[PDB]
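Visitor: Pasting a structure here, questions to come.
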Amino acid sequence: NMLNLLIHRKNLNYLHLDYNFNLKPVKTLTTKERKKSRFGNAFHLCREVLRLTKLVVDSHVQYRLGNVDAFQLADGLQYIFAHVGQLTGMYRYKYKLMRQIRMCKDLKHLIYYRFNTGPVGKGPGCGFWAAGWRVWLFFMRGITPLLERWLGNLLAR
Amino acid sequence: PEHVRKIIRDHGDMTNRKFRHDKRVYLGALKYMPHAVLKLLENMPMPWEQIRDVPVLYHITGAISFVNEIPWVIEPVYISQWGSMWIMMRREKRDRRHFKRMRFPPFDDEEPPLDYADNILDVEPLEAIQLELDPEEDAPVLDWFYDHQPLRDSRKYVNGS
Amino acid sequence: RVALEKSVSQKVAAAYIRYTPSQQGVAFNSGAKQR
Amino acid sequence: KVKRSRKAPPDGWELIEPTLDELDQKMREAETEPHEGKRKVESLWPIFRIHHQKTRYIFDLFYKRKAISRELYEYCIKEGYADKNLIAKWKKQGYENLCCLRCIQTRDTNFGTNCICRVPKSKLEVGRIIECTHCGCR
Amino acid sequence: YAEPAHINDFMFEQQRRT
Amino acid sequence: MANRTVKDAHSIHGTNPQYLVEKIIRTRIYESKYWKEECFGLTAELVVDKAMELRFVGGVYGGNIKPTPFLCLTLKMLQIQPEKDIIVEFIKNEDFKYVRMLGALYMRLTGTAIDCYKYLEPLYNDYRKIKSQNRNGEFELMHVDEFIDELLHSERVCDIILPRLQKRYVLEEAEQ
Amino acid sequence: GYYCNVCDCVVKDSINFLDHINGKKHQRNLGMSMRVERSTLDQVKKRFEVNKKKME
Amino acid sequence: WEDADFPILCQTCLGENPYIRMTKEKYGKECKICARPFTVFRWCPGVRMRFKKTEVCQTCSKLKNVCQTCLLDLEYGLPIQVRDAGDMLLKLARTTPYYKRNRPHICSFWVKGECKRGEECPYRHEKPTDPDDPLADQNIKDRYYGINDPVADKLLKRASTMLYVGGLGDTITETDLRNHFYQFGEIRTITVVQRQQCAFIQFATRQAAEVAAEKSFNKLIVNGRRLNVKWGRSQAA
RNA sequence: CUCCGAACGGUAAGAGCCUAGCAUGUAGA
Ligand SMILES: O=P(O)(O)O[C@H]1[C@H](OP(=O)(O)O)[C@H](OP(=O)(O)O)[C@H](OP(=O)(O)O)[C@@H](OP(=O)(O)O)[C@H]1OP(=O)(O)O
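Chains as they are written, first to last, in the UniProt record's numbering: chain A, 502 to 658; chain B, 63 to 223; chain C, 148 to 162, 176 to 195; chain D, 3 to 140; chain E, 114 to 131; chain F, 1 to 176; chain G, 79 to 134; chain H, 15 to 100, 145 to 220, 234 to 308.
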């Protein structure tokens, strides 16, 4: 609701934000229409942070609905960190998030190659929801004031 | 206490259907509080938990809801909880041939907020992670390693409740 | 120091009553002497 | 409905088992209603009215009738069958039939005072069909 | 001519209601 | 015209009443010949005549996504928002299978889950075949029972999103 | 292309002519855009009866 | 851009209650007629009133001599067009200002027909005074400027459409009254009666006394008194 | 041997005609 209010509040009926936090153009029209569109590093960064957020929240939603058990929430938080690298919210917003991503991938390498040291360590598996809360919580913790200030100037515009 | 759900029951805006002069405030203060996100990823129930709950602070505009409880676990309690999940997780992989993981997208990328079936939830597949602590050795703490939020809220045997 | 603290608070935030109606009130809404 | 406690009522919830199910069904039917007819906030008064009725029924079953045990009252308070601040606010001698908890907070009104719901009818005006905008009635 | 005051809350509101 | 057909009649479950399908599909359906003919004028009996005229089941086809006439009739019914009695009469009318399928889709889209189950329970007994359009535009043979079972299942159909409430056992434990 | 005799304008597409029809001053003289639904029952009843009568 | 301490309000806009309750808002609502941020404060003028607010800003109203929420006047009570084009205003004004301004405007749900709130309508249940007269049609900016008022012409024509004088007491004397008539013209037969505290004057062919009839319709204010005037006989009765 | 990059620097220049998603909530009599 928030970001869609910003999008429709700029008199631009060309784009429709996915409720799974994507952004896709509708009419295959850009150039002039793209030239009032492709902007706002703050909007792309905030959509990215909410995208990771909503991936987490909806993962726990379908967990407490239909396939929670122990496989889904564990493996999904783990691949949610590895996909904070590979899938969502990538380095296009801010500089140092590649450094936090690489530290996340290395922490995943440690936890996996020790937890799979026995017969379990092999295929996709649990991979305890332990680094994700920590790492990306501190990453949003540092990003709090900076995205706050930049998005505040964006709301002022 | 249901006022949050009923007031937020206004996903859209019939230009006055909670929508008259509230759209301005709803588009405004959301960017004040992404920090709500930094609290909202915080208090997520851990594997050793089932669902538990949290505090919540709602503006009457209802365009924001931060999770006010700065999560406050105990030392060896959280240690043994997540480690208990480690032992049960590894031996879980030892047992099953469970060729499964989650889907990539957790929902479908046109869907709604899905407020309904856990707006009346009544359904908890709550077999989450607790390794069955044998009542011969674990007897000093069998009521302890099972509380997600009540672990520190023990209110007894010196918890400063 | 109090004036400078108030000015700094204003720059950080930027970057009863008794009135006698002695103008026209004489007999219209009679009784208003202090308001 | 989900309980999320795994306690299984010590004295048994059987006594007020059916009344709680009827109150939950009435609350779900009130929350499932649309925003038709109400100008801005008149549809939200019924959920607070049902919560106040459930809290008054729990207070009359626990304290007034003295039939249910204190463990059952604590289990109903921890489950969500009644409020904790409302039971302490209705226990005072100055007020026992308050409209809602939104008229007792002094920071809610813009004038810095109490609302019209917690006011005496004998001390108020004669001609007044006003109702509480935040609670629903007086 | 306006000026401040430090008037009794209770009696102000009481006379208003009256 | 294309904004809304009802000034203030009702609202959708969790979205706008005119925005139930996706915005790209709504923008594609906003420019078509049959869509312009329906937006020039649309009544209840006109919608019944348009449903009895065309017998096809499908969504958009081809790279240039153009809407089906059944999707155009569903969009006009979602915009116009008729009463529940007309939708129940269209679902109960077994003379026109396409009008019954349109009424079933309208009841599964904007109706509650209990009403959707109560309307889809007679729909499972209809063994009449119906014409279906594939994603590449080619015609495919199907039945009304298979489409009713697909509409009573999870949302996998194109240009449609209508989640259920719970399982059949959970809904039977909750109510009838 | 398309031609609107009411406004005497030349429409280069079909949507321009269909738009010039209603949704303009011509519609304002024609009753603007207001159109309601016709009852509930009787419209569907007479519509289904006329459709079933014309069909068979 | 414009803060203040207390509003420049009316005497009727404040209300028929010696104690009201204001609510200041620093930098609210954007002034109606100059588009500037100012300090909006509303209040309740009385019981079952309209919860009146503040429209026209401090410099906007102070410059043009007008109240912050009705744009009539702080000195008189007339509009800003009559008090500019048109003295006559003192007999044209009124004391005891009617509280028919501070009342709720018409419930549109009742005008349509279904006012669901029943007896609990905080709006007002009367019929809409028909649209046809231009006193259905005034706005703020045409009101606030002198140009084009629907009221000010209708009150300015009240100013040109339309002898037993008494109330003498101890202020009016015979020589003051005959010298106040001497600027109008000459007498034929004047007298002063003290059993009713009255005076009788005539004129050659009225006329001059006719503007005295324009001067003394509860309007001739000499010696600090509203004199009593009604018609003589002029019939030898 | 496993260190994965994002944007601006980029689409013209206009002529006549045609259609749209929004926004304020007032003092006045
Ligand atoms: O192929 P390897 O060099 O042996 O490393 C792989 C690989 O991790 P990296 O490629 O980042 O080093 C997998 O991740 P993917 O890139 O293939 O997606 C990872 O699986 P996770 O995604 O769960 O982390 C796990 O492979 P596996 O699926 O067997 O767990 C891991 O190490 P191992 O292959 O030695 O186990």
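Beta carbons: idealized from backbone N, C-alpha and C, even for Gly.
Flag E116(E) as yes if its beta-carbon sits less than 8 Å from any beta-carbon of chain C, otherwise no.
Guide: yes
Visitor: Where does the unbroken alpha helix (DSSP H) through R249(H) begin, and where does it stop?
Guide: 245 to 253
Visitor: For ligand 1, I want to know if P620(A) counts as a neighbour, meaning its beta carbon is within less than 7 Å of at least one of the ligand's heavy atoms.
Guide: no
Visitor: I want to see whether chain H comes within less than 8 Å of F123(E), judged by CB atoms only; does it?
Guide: no
Visitor: Given a limit of 8 Å on CB to CB distance, which residues of the region 64 to 95 of chain B reach chain A?
Guide: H73, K85, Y88, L89, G90, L92, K93, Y94
Visitor: Secondary structure at residue 144(H), three-state DSSP: helix, strand or coil?
Guide: Missing here is residue 144(H); chain H as given proceeds from 100 to 145 without the residues in between.
Visitor: DSSP three-state call for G41(F): helix, strand or coil?
Guide: Here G41(F) carries a coil assignment [DSSP, helix/strand/coil].
Visitor: Quick one: is residue 34(B) near chain D, going by C-beta distance under 8 Å?
Guide: This structure cannot settle anything about residue 34(B), because the visible part of chain B is limited to 63 through 223.
Visitor: Please classify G58(F): is it buried, with 16 or more other beta-carbons within 10 angstroms of its beta-carbon, or exposed?
Guide: Answer is buried; the Cβ neighbour count reaches 16.
Visitor: Using C-beta distances below 8 Å, list every residue in its chain close to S75(H), excluding the 5 sequence neighbours before and after it, in chain order.
Guide: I22, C81, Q82, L85
Visitor: If you count every other CB in all the chains shown that lies within 10 Å of the CB of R565(A), and 16 or more means buried, which is it?
Guide: buried
Visitor: Anything in chain D within Cβ reach of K174(H), meaning under 7 Å, just list it in chain order.
Guide: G39
Visitor: Hey, quick one: how far does the beta strand (DSSP E) through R178(C) stretch, first residue to last?
Guide: 177 to 179
Visitor: So with Cβ pairs under 8 Å, would you call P187(B) a contact of chain F?
Guide: no
Visitor: Based on DSSP bridge pairs, tell me the residues matched to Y156(H).
Guide: DSSP lists no partner for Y156(H).
Visitor: Below 7 Å on C-beta distance, what does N100(G) contact in chain F?
Guide: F40
Visitor: Assign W302(H) to one of two classes, buried (16 or more other C-beta atoms within 10 Å of its C-beta) or exposed (fewer than that).
Guide: exposed
Visitor: Between which two residues does the alpha helix (DSSP H) containing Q128(E) stretch?
Guide: 122 to 130
Visitor: Out of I18(D), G114(D), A10(D), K28(D), point me to the one whose CA is closest to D62(D)'s CA.
Guide: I18(D)
Visitor: Using the C-alpha atoms, what's the distance from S287(H) back to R152(H)?
Guide: 17 Å
Visitor: Nearest to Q579(A) by CA position, among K597(A), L546(A), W634(A), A543(A), is which residue?
Guide: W634(A)
Visitor: Would you identify the three-state DSSP class for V57(F), choosing helix, strand or coil?
Guide: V57(F) falls in the strand class under three-state DSSP.
Visitor: Closer than 9 Å, Cβ to Cβ, to anything on chain B: give me those residues from the region 515 to 535 of chain A, in chain order.
Guide: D519, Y520, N521, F522, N523
Visitor: Taking one C-beta from the region 251 to 268 of chain H and one from the region 207 to 218 of chain H each time, how about it: are there three or more such pairs within less than 8 Å?
Guide: no
Visitor: Pull the bridge partners of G237(H) from the DSSP assignment, please.
Guide: Per DSSP, the beta bridge partners of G237(H) are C269(H), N299(H).
Visitor: Give every residue of the same chain whose Cβ lies closer than 7 Å to the Cβ of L513(A), excluding the five residues on either side of it in the sequence, and list them in chain order.
Guide: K537, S538
Visitor: Measuring only between beta-carbons, confirm whether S132(F) sits less than 8 Å from chain B.
Guide: no
Visitor: Is there at least one Cβ from chain H nearer than 8 Å to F113(D)'s Cβ?
Guide: For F113(D), the closest Cβ of chain H is nearer than 8 Å.
Visitor: Against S154(C), what residues of chain E qualify as contacts under a CB-to-CB distance less than 8 Å, listed in chain order?
Guide: Neighbours of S154(C) on chain E: none; closest Cβ ~23 Å, over 8 Å.
Visitor: Please list the segments of the alpha helix (DSSP H) lying wholly inside the region 583 to 632 of chain A, counting only runs of 4 or more residues, in order along the chain.
Guide: 598 to 616
Visitor: With distances taken from CA atoms, which of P181(C), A187(C), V155(C) is nearest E116(E)?
Guide: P181(C)
Visitor: How about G222(B) and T15(F): are their beta carbons less than 8 Å apart?
Guide: no
Visitor: For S92(G) and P67(F), what's the separation of their Cα atoms in angstroms?
Guide: 17 Å
Visitor: Quick one, which residues of the region 14 to 34 of chain F are near chain A if we go by CB-CB under 9 Å, in chain order?
Guide: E22, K23, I24, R26, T27, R28
Visitor: Have a look at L656(A), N654(A), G628(A) and flag the residue whose alpha-carbon is nearest the alpha-carbon of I612(A).
Guide: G628(A)
Visitor: Would the region 102 to 113 of chain B and the region 550 to 569 of chain A be scored as touching if the rule is three or more Cβ pairs under 8 Å?
Guide: yes
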